[PDB]
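*Asks:* Before we start, here is the structure in question, set down as C-alpha cells.
Residue numbers (my numbering), protein chains in the order written: chain A, 741 to 847; chain B, -10 to 227; chain C, 5 to 64; chain D, -10 to 227; chain E, 49 to 281; chain F, 49 to 281; chain G, 705 to 971; chain H, 4 to 20.
Written out as C-alpha cells, the structure is:
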C-alpha cells in the first residue's frame, strides 16, 4: 500500500525451458505494456495491449493477464531472451510501474 | 425523381422494429445445419416441464437442500396443516425461482391453469391421506380443514399412489393476470391438510419428506414481454 | 438506389394526418372482445335522445 | 408526394454494399472484347496448380535456390527422417509463401483436402524407398518410423516412379479450419522417413535433391474474405 | 366449455430473442487525454459483457442466429476553459476486422485505408448506421457452453472462450483534428434474427462476475419467509 | 460418402475484387498556407498508389472492370488564435478532366465553369457522392503489366505507365472564403465491378517502392526456421 | 406485410414472422420391473449419416468389443451425503477396448445408456435424482483463479459435491444447491432425468444420444455430458437396519464411431 | 433481389451476382 511490481525478483533458466513472467498491480487496468530493457541500453517495446506484437520481437513470445495480474510467457528460452523486462499502465494517477525482471541463461 | 414526402417517425431507432439492412459480408457460404437433438421452438415448452418447489424456505434453509423437504410426521389430533402458500407465480417467494417462475418474469401477463405434482419420499410401509385444496381469492384465506374443504380439493393416499396431480383451475374475472401481482388480480391460496394421519409399523423413522413440483398445462400463455428484475449490474463485465 | 425527390410538407407533424407507424410491441395477442350491450357508432345517436331543457333559468 | 419514412442505416457508406449509381459519362461506346486466351473465373483455379514448397528453409538458405533442395543421401541405419513440417497453410512458414498460401491469406477460413506432389531429381541409376506419412492432430507428433506408420501413409519407390502424389485427407471436427491457426482447429503433421535406403552404383554423387509441390484438390473452398498481413506501407507511393 | 384462445405468439423464440440489446459501450475521443478515453478504441466481439442479453442466450446451449448491428454514436464536448469554435460535422468510422487480419497499430495507420475489411462511415445527425452479418462460425452451432479444454493434453484454457473468434470492431474519428477536444461514445446494439435454439438450459440464479467464465458466488435458492404454513381466517 | 457442400461463391472474381478500396487521399485547404495543403489540389487517376488494391489487381495481367467512385470528404479547422465564427456549410467540387482537356491553371479559373467536364457538387453533412465510370480504354483490356517501351526505337519510358491515360481529378472548395482557414481531406474509393480478368499472375512477394515501376529490393523467399525435421514424441 | 426483398442475401432479410433385461454384447442387466426407460431428448442413439461426416477417413465400428455394459465403481450413500458427478467419456477412458480405441483415434462419436442401481428395504426411505447434463461448464471455487483438470474429473472416480461451500484454490465450486453451475438445483429437471424413490423405484435407466454442435469431436479434451446423482430426500433408517446402502453405476456405449487413426495419445 | 434497373447505362448497374 501502495506499490506495484513484478512478483518474482531474480530468475534463471537454461536455453530451452519455459520463462513465464508475472506482474502484480496495485489497481486494475485493461491494457498492459511489456518491455525488453537490456543493461546499459535504452528499453524497447515487447508486448502491448497485453498480447499484441512488437517491431522485432519473435513469434514465440506470448502474453496475457487481465485485472491486477499480468503474464508474459516465453515459449522456449533462446540466446536472445535474457533481458530485464518491466511493465507499465497509462494513468490517471499512475501506480507507478514496477522494477524489472533480471534473468540469466543457466549453464 | 419520384416525389416523396417524409412522414413523422423517420431517422429514429426504435429497438423493436422489423426492417431489412445491407449485409456486411455478402455471398457467405454458411455451414450446413445438422440434426442436433432436442430442438425447442417456444418458451412455453420449457415451462411445461416440472421443477421442484422450495416450499420449506424458512430461514436459513434456503442455503441447503432442506428447502425442498416439506416434513410430515405422525400426529396427535388430525386436521392440522402441512404447508401453504399463495398462488402468485413470478411474485411469491416460494415458486418465483422455479422454472415456471423464471419464465413469467420475462413477461408482464400470464393466464392458464397450473399443475402441481407431489411425491411422497417416505418409507414403503407407511400409510396416510392428505387434503390438498385450492381456494378462489374471494374472502379470505382458510384457517381450518373444515374451511378448506368447500373449495377445489382432492384426497391423496400415500399407501395407494406416491404421486398426486392437482390441476389448479383458472378462475378469474379477467382474461389475464398480472405477474407482478397487485390487489385487483388476485389468484388465491394453496393449502394442504392432514386428512387422517401418518401411520407406520415399528422401526421406521418418524419425520418424512414430500417433494412438490410446479408446471404449466396446455392452456398456459404469457404476454407483454419485458426484462427480468433479477439480474443487476452497473459496469461492463471484464 | 431509386431517385426520389422531397415535396414540400416533409418532416412536419400535422395533428390530423392519417399515416402508419412502426409498432412498439409486435405480435401482441389481444384479448377477445365480448358482446358488451349498447354499442354506439356515431355521435348523433347520443344527440337523438331527449334531455330536459332548463327553461326557467332565471337566477338563482 | 408519396409518404416515405427513413429506416436507420441511411446516409451511411458501407464499403461492401451493392447499389447502383448515376454514370458520369453516359452513352459510352466501349471497345469490343477479343478472345484473350486463358481466362480465369475463380480464385481457386489459381490455387489448384502446383508450386514448389521451400521446405529446406533453415537460415540462410532462403536467400538462394537451396531453399527448395531437400537433401537425401545413402544412410548407415534405416528409418531416419528426411524432412517434416506442420500442416498449417497460410500460417506455417514453410508453405505460407507458396501459391496456395498467398490465396488463403486473403481469407479467414479454409476447408478441403490438400495434395502434395514430389519429384526426385537424382541420378537415373539410384534406387530407394521413402515413407511419406500424414498424421491426424490428436496427441502428439511422431518421433519414429514405427510411430508414423499407424497414420495415413504411402510408400514411394524412386526406381519405379519419379513423382508421388499424397492426397492429405480432410479429418476435422469442424466444417472449416481457421487460416491463422489457433489451438482449437489443429490440422496435424506431415513427415517423411527412409523406408530402406538410397542405393547407387559407383561414380555417382552422394547427395541428391527432392522437390515438393503443394496444390488443392476439388473439395477445396475458402470463406470470410479479409486483407493480407503481408504488405505494409505508411505513406502513399510516389 | 370455454373455447379458447390466446395464441402463444410472443412466447416464440424469435419474439423473445429479437430485441435490439446493447452489448458494449465503446468510448473514444479526439485529443488523447489518457488510456482509456484515447482516440482509436477497439472491442473484440463477444455477447457476454451485458448481463441482460447474456442470460437470454444462456437458457439454450446451441444457437444459430443471424445478427443485426446498430450503433448509437453520440458525442459530448470535453471540459476546458473556452468552448466557442465553429466546427465541421464529425465523421465516424467503424471497421470490422475478421479473425486473423491485420489490425491498425495506431491512429492514422493505413489499415483504415484497406481494401477488404468492411467499414461504415457516418456523419453525426443522420439515422443510425445499421448493418447485418451472417452466421459466422466454423462448427454448425454457437456453443454458449463448452465443457472442455483448448489443448488435447487437458490444459491451457477452460471454458467457452476457445470457441469465440467473431473478430474485432475498431472505432475512430475520420476528421483530422478539432479545435477543442470531443469525447465520443459508440453503443453496439445486437439483434439476433433467424434464430434456431436447440438444447434448453436451466436459467442462471446468481449474477455473473467475469466475461470469460461461469465463476460465481454461492447464493440461496430463493428468498425466505416467516413460517411454512400461512394462517388467517 | 460424405456428400458435399461449400460452394465457391466468395472465391469468385467479383466477390474478391468488389470492395470499396481507397486509392488516394487528396488534401487541400481554404487559406493557402504552403504547397502542399494549398487550395485546388489534383490527382491523375492511377490505381497503383495504395498497396492493398495494387496487389489484388497484379495477380492478373489483363483486367476489364468498370468502376464505382466514392468520396469521403471531411474537413478539420486549422489551428489559430480564435475559432469563434458562424459559417455557412461548405460546398465541395470534384471535376473530372478527360485525357487531353484543358486544366484549371489556378483557383477561380473558368475551367470550373466549363460545359463538358463532369463535376460533382456536394455540401458537407449528406451522404457521400458516388458516381460510376465505364471501361475507359483504347485497347481491349487494362494492361497491368506492359513489358516494352514507349518509342519504336526502344527508348524513352519502360513500364506500364505508357498505357495509363485515365485522366485527372480536381478538387476545390466552391465557397469564396471562410473567416478562419479550414483544411479538407478527400478520400477516393474505387470499387471495380463487372470484372473480367484474363491471365493469372504469381503474387508479389517484396513490397513496392514507387508508383510507376516494378523496382524492388531482394528478399528471401520465406521466413526461416530452426531445423528441417521437426521432432518430439 | 408486402413481403418484398430488396437485397440478395438471406442474412439481410427481416425477421421470420420381472424379466425385461437388456443384452448388450456379452453382458446383461436385470431388470426393470416393467417400469420405464427414459430415452434422451426423444432420440435414439444412431450412427453418422452422409449429410454429416465432414471427415473422409472410413469409420471404425467394433459393435461388440466396445458396446457392452461397463460396471463402474460403487459409492456409499449416507445421511450427510451431498451428491456425486461423473464426467463422460472420461469415466470410461480406461475400461476395456473402449478406452483403447480412444487413444488411437482423433475423433469419436458415441451415445450411452446409464443404469444407476441402488437397492434398499421397505424400511429405508429416501429419494435420488439421476440427471444427465450436457455441457456443464462448472465454476471454479476460488474465482479469478484457474483450476485443474483432475478436479473436474479423475479417470472414472466419482467426484462428490458438498453440503457447505468449497473454499478450494484449484477446484470447482461444489455447493450442491448450486449444482456447480451457479443454477438452482431444483431446476435441473430439464435434462434427461429419472428419480429413484426407495419405496417404489429401485433403479433408473437413461439412454442419451450424441448431443454436440459438431458431428464428430475429440473425446480427450471435451466432456460431452456429466451424470449427477443428487439425493433430495436423505437416507434414513433405524439403527438396527442395514447401514451400508451402496450405489452402483453401470454404463454402456452405444453406436460408437472413430476416425483419424494415428499413434497413441494424448499429448 | 428485385433486380430492377433505374438507369440507362450498363456501367451504372449493380454487381453481377
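A virtual CB, placed ideally from N, CA and C, is assigned to each residue, including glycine.
1. Can you list, in chain order, the residues of its chain with a C-beta nearer than 7 Å to that of residue 195(B)? Leave out the 5 residues immediately preceding and following it.
2. Just verifying my parser: in three-state terms, what is the DSSP assignment at residue 891(G)?
3. Could you check which residue in 123(D), -3(D), 147(D), 37(D) has the C-alpha nearest to that of residue 10(B)?
4. Mapping DSSP to helix, strand and coil, what is residue 972(G)?
5. Does DSSP classify residue 90(E) as helix, strand or coil?
6. How about residue 826(A): is its C-beta nearer than 8 Å to some C-beta of chain E?
7. Would you call residue 763(A) buried or exposed, if buried means 16 or more other Cβ atoms sit within 10 Å of its Cβ?
8. Does the Cβ-Cβ distance between residue 787(G) and residue 895(G) come in under 8 Å?
9. Just by C-beta distance, which residues in the region 780 to 801 of chain A are closer than 7 Å to chain I?
10. Residues of chain E with a CB under 8 Å from the CB of residue 123(F): which are they?
11. Whole angstroms are fine: how far does the CA of residue 51(D) sit from the CA of residue 268(F)?
12. Who are the near neighbours of residue 116(E) in its chain, counting only those whose CB is closer than 7 Å to its CB and skipping five residues on each side?
13. DSSP three-state call for residue 169(B): helix, strand or coil?
14. Comparing C-alpha positions only, which one of 83(F), 107(F), 254(F), 159(F) sits nearest to residue 31(D)?
15. Residues of chain B with CB closer than 8 Å to the CB of residue -7(D), please, in chain order.
16. Distance check for residue 125(D) and residue 753(G), CA to CA, integer angstroms please.
17. Quick one: any contact between the region 138 to 157 of chain E and the region 133 to 144 of chain F, if contact means 3 or more CB pairs under 8 Å?
18. Give the DSSP-derived three-state secondary structure of residue 46(F) in the structure shown.
19. What does a CB cutoff of less than 7 Å around residue 164(B) pick up in its chain, not counting 5 residues either side in sequence?
20. Does chain F have any CB closer than 8 Å to the CB of residue 70(D)?
21. Considering residue 805(G), what are the terminal residues of the alpha helix (DSSP H) in which it resides?
22. Leaving aside the five residues before and after residue 72(B) along the sequence, list all residues of the same chain whose C-beta is less than 6 Å from its C-beta, in chain order.
23. Report yes or no: is there a C-beta of chain B within less than 8 Å of the C-beta of residue 811(G)?
24. Using a Cβ cut-off of 7 Å, pull out every chain E residue sitting near residue 847(G), in sequence order please.
25. Which two residues bound the contiguous beta strand (DSSP E) that contains residue 780(G)?
26. Which stretch, first to last residue, makes up the alpha helix (DSSP H) that contains residue 235(E)?
27. Of all the options 34(B), 193(B), 184(B), which has the alpha carbon lying nearest to the alpha carbon of residue 66(B)?
28. Using a Cβ-Cβ cut-off of 7 Å (strictly less than) and excluding sequence neighbours within five positions of residue 149(E), which residues of its own chain qualify?
29. Let's see if you can read the secondary structure: which residues bound the alpha helix (DSSP H) around residue 103(F)?
30. Use the C-beta contact count for residue 254(F): other C-beta atoms within 10 angstroms, 16 or more gives buried, fewer gives exposed.
31. Using a Cβ-Cβ distance cut-off of 8 Å, determine whether residue 231(E) contacts chain A.
32. Closest Cβ-Cβ distance between residue 154(E) and chain C: below 8 Å?
33. Please state whether DSSP places residue 92(D) in a helix, a strand or coil.
34. Mind listing which residues of the region 30 to 43 of chain C have their C-beta closer than 8 Å to chain B's C-betas, in chain order?
35. Should residue 841(A) be labelled buried (16 or more other beta-carbon atoms within 10 Å of its own) or exposed?
36. Could you confirm whether any beta carbon from chain C is found closer than 8 Å to the beta carbon of residue 63(E)?
*Replies:* With the structure as the only source:
1. 62, 63
2. Here DSSP, grouped into helix, strand and coil, assigns residue 891(G) to helix.
3. -3(D)
4. Outside the modelled stretch of chain G, which goes from 705 to 971, sits residue 972(G), for which no answer is possible.
5. strand
6. Output row for residue 826(A): interface = no.
7. Residue environment for residue 763(A): buried (at least 16 other C-beta atoms within 10 angstroms of its C-beta).
8. no
9. Judged by its chain identifiers, the structure shown contains no chain I, and its protein chains are A, B, C, D, E, F, G and H.
10. Here the neighbours are 136, 223.
11. Each residue's Cα considered, the two are about 5 Å apart.
12. So the qualifying residues of the chain are 178, 180, 239, 241.
13. DSSP places residue 169(B) in the coil class of the three-state scheme, outside both helix and strand.
14. If we check each option's Cα against that of residue 31(D), 107(F) comes out closest.
15. -7, -6, -5, -4, -1, listed in chain order.
16. 22 Å
17. Segment contact: the region 138 to 157 of chain E against the region 133 to 144 of chain F, fewer than three CB-CB distances shorter than 8 Å; contact not assigned.
18. Nothing can be reported for residue 46(F), as the shown portion of chain F is limited to 49 through 281.
19. 100
20. yes
21. Residues 800 to 807.
22. 44, 59, 181
23. no
24. Those within 7 Å of residue 847(G) in chain E are 257, 263.
25. 774 to 781
26. Element bounds for residue 235(E): not the alpha helix (DSSP H) but the beta strand (DSSP E), 230 to 238.
27. 184(B)
28. Excluding positions up to five away in sequence, the list reads 165.
29. 99 to 105
30. With fewer than 16 other Cβ atoms within 10 Å, it is exposed.
31. Interface with chain A (8 Å Cβ-Cβ cutoff): residue 231(E) is excluded.
32. no
33. helix
34. 30, 32, 33, 35, 36
35. buried
36. Yes, residue 63(E) lies at the interface with chain C (some Cβ there is under 8 Å from its Cβ).
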